[PDB]
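Note sheet for the following structure.
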Amino acid sequence: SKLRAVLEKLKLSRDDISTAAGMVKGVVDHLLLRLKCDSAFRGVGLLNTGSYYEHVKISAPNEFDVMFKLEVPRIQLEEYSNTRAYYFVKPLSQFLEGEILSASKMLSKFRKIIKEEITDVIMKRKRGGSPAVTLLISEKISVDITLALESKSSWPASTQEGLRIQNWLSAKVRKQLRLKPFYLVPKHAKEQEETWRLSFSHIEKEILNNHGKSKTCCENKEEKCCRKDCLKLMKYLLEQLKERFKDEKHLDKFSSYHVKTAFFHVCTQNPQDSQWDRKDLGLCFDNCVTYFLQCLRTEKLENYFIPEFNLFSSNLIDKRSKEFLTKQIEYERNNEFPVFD
Ligand SMILES: Nc1ncnc2c1ncn2[C@@H]1O[C@H](COP(=O)(O)OP(=O)(O)NP(=O)(O)O)[C@@H](O)[C@H]1O
Ligand SMILES: COCC(=O)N1CCc2[nH]c3c(Cl)c(Cl)ccc3c2[C@@H]1C
Ligand SMILES: [Mg+2]
Ligand SMILES: [Mg+2]
Ligand SMILES: [Zn+2]
């Protein structure tokens with residue numbers, strides 16, 4: 001089919017994987033070692049996150065996401081201004097502003113050490129908003145390194161009704177996942193440079209790499225579902241539209257995380273592996289496209305872990321920009337996705 005041919009073109013070359021994985025490893029492992037020399041970052045450890053480690057990276061292995069996490073014992077959080085996702089947190093004294101541990105102070109020292117420690121490896125110009133320090137290896141491979149505080153405490157109350165996976169992955173899996181740590185990354189609330197942001201990237205990876213109702217989903221030829229193929233196609237649809245419309249400000253604020261989040265909700269809506277049969281790829285992809293269009297139309301895209309954090313709030317994305325993306329995605333759906341050609 002046309003969609004199968006798209007998926008074929010989006011496959012990663014084994015040779016590119018071998019080269020890129022080796023280059024990323026050498027840089028990451030080196031910075032890990034060097035940060036451990038600093039009194040503040042002694043305890044950093046690696047967590048691999050994002051689409052490469054979820055096996056949904058498309059086209060080229062040219063962008064990798066990692067967390068350098070630090071266990072902070074005795075963490076005490078205070079939710080910032082009913083935002084549900086942003087928190088105050090109360091060798092680390094250098095980062096205290098009062099009794100709060102300043103996210104911006106920690107991020108600035110983290111960035112400064114990496115910049116000094118960095119194979120042709122450069123640091124990309126600071127992007128506002130992002131919690132990451134971003135590197136570029138050999139002019140081609142981007143690496144986002146996100147500092148994170150690790151907490152082994154119970155997840156914050158704003159997550160109590162999130163992760164609605166009980167009919168898909170099971171109640172016992174939901175309980176096991178909520179016994180894992182959670183993370184705080186230095187992305188600040190709109191106003192607040194002291195605040196941190198909840199992150200569950202590690203749980204997103206666990207879900208995508210163990211994604212079936214059947215434990216043997218995608219382990220044999222009889223159970224090769226099309227979940228990851230549908231996420232890849234949604235990602236490519238948004239990627240291509242953002243490229244075509246790169247000079248149109250209306251597409252600036254959309255990201256692959258909006259389609260990842262919508263995808264997780266469609267998995268909740270369609271929990272059975274038989275709703276993701278390979279033979280139904282076009283229908284499954286359409287289910288994902290129509291769900292995303294409904295999210296745009298209703299201005300509703302809840303964070304999968306934090307339901308009262310709406311990614312499609314008018315506070316974050318103007319109605320006009322969602323309507324613009326609706327228009328372009330409807331055109332694609334109505335014309336058999338010419339942007340894929
Ligand atoms: N807005 C967000 N809210 C929460 N977590 C986010 C957000 N944006 C990115 N992340 C996390 O950071 C990871 C890497 O971000 P990004 O590199 O932008 O996306 P990806 O999932 O890696 N897809 P891509 O790199 O586009 O193939 C995502 O997988 C999420 O786990
Ligand atoms: C092309 O890649 C960009 C990317 O990877 N990011 C930029 C935007 C963003 N926003 C985040 C939030 Cl809100 C949380 Cl909780 C955790 C991680 C992120 C990230 C990452 C570092
Ligand atoms: Mg990525
Ligand atoms: Mg990234
Ligand atoms: Zn599967």
Side-chain angles (χ1 to χ4, degrees), residues 7 10 12 16-17 20-21 23-24 27-28 46-68 111 114 123-126 128-137 140-148 165 168-170 173 183 185-187 197 199-202 204-236 238-239 242 253-261 263-264 266-268 270-281 284-285 287-288:
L7 286 160
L10 301 182
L12 303 186
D16 290 343
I17 285 161
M23 295 301 293
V24 166
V27 172
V28 162
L46 180 62
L47 286 198
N48 290 328
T49 64
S51 66
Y52 181 87
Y53 298 103
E54 294 161 343
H55 319 275
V56 293
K57 181 80 186 68
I58 60 175
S59 297
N62 68 343
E63 202 264 357
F64 292 72
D65 303 288
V66 307
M67 274 191 278
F68 280 12
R111 185 176 183 92
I114 290 171
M123 187 178 291
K124 297 190 183 187
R125 284 177 179 166
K126 205 176 163 197
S130 173
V133 178
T134 305
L135 307 185
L136 183 67
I137 309 171
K140 288 166 37 133
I141 300 165
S142 302
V143 183
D144 288 319
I145 302 174
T146 297
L147 174 67
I165 64 175
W168 167 27
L169 300 170
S170 83
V173 165
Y183 298 91
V185 301
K187 175 176 174 59
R197 165 73 186 256
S199 176
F200 302 89
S201 298
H202 60 309
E204 298 172 7
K205 183 175 71 169
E206 290 236 16
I207 292 169
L208 276 166
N209 287 344
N210 191 358
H211 61 245
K213 179 168 288 305
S214 167
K215 293 174 189 172
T216 47
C217 195
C218 290
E219 287 195 351
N220 59 72
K221 293 130 192 165
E222 289 83 14
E223 298 184 72
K224 289 279 163 163
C225 80
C226 70
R227 285 186 182 91
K228 284 195 183 187
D229 285 343
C230 283
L231 178 51
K232 290 178 177 174
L233 289 168
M234 288 299 295
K235 288 166 60 56
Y236 191 50
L238 185 65
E239 181 194 78
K242 279 175 63 67
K253 296 166 181 313
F254 298 103
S255 79
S256 64
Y257 194 70
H258 294 118
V259 303
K260 194 184 187 185
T261 295
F263 176 75
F264 284 139
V266 177
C267 287
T268 293
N270 297 0
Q272 303 286 343
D273 299 335
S274 61
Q275 303 179 273
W276 299 95
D277 197 297
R278 176 183 178 91
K279 302 190 334 283
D280 298 317
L281 173 64
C284 295
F285 178 55
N287 292 342
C288 293

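By convention here, the first residue in the shown sequence is residue 1. Every number for a ligand or one of its atoms is a count from 1 in the order of the listing.
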**OP:** Using the Zn ion (ligand 5) as the apex, give the angle to atoms SG (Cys218) and SG (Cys217), rounded to 10 degrees.
**Re:** 130°
**OP:** Please work out the angle at the Mg ion (ligand 4) defined by atom OD1 of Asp65 on one side and atom OE2 of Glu63 on the other, rounded to 10°.
**Re:**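 Between OD1 of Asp65 and OE2 of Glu63, at the Mg ion (ligand 4), the angle is about 100°.
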Original post:
N/O/S of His211 less than 2.8 Å from the Zn ion (ligand 5)?
Top reply: yes
Subject >> Considering all heavy atoms, the nearest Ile58-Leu12 contact >> reply: C-CD2, 3.8 Å
Original post:
Shortest non-hydrogen contact from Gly212 to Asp273?
Top reply: CA-OD1, 3.5 Å
**OP:** Please tell me if the side chains of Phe263 and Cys230 come closer than 4.5 Å, counting only heavy atoms from C-beta onward.
**Re:** yes
**OP:** Mind checking the CZ-CE spacing from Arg111 to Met123? Nearest 0.5 Å is all I need.
**Re:**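 It is 5.0 Å, given to the nearest 0.5 Å.
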**OP:** Please find the N/O/S atom of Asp144 nearest to the Mg ion (ligand 4) and write down its name.
**Re:** OD2
